[PDB]
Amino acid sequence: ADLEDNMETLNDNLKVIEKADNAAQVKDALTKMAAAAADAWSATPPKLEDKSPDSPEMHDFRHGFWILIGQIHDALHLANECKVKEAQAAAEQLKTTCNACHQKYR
């Protein structure tokens, strides 16, 4: 999937989680988020088109995905344990990682 589509998948599923009634819905969403974040790994964002892959900027760009992936991984544990409110909080909190990357690279 292209970068924009993975980003839409991340946005859609954060909202699903916010509004979720049960653990299954939160798990399903976090699962789709993980897959989207992992597929985005390799993408070159428009603002860095003129920079190579091994470029310093691209390393720092990709670093935000390691952070996101890790927060997704741990939130899915909280959902697996039926700790719905807790998993919803972890999801709300990882917005800071979304925002930081957008602020610098969108």
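Residue numbers run from 1 along the displayed sequence.
Undergrad: Which of the two stretches, 57-65 or 70-78, shows the higher mean Cα temperature factor in the record?
TA: The entry gives the higher C-alpha B-factor average to 57-65.
Undergrad: Return whichever of 33-41 and 47-55 has the greater mean Cα B factor according to the PDB record.
TA: The deposited B-factors put 47-55 ahead on the C-alpha mean.
Undergrad: Per the entry, which of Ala20, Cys98, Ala87, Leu14 tops the list for Cα B factor?
TA: Result of the comparison over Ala20, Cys98, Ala87, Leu14: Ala20.
Undergrad: Can you work out whether the C-alpha temperature factor of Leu10 puts it in the lowest, middle or highest third of the chain?
TA: Lowest third.
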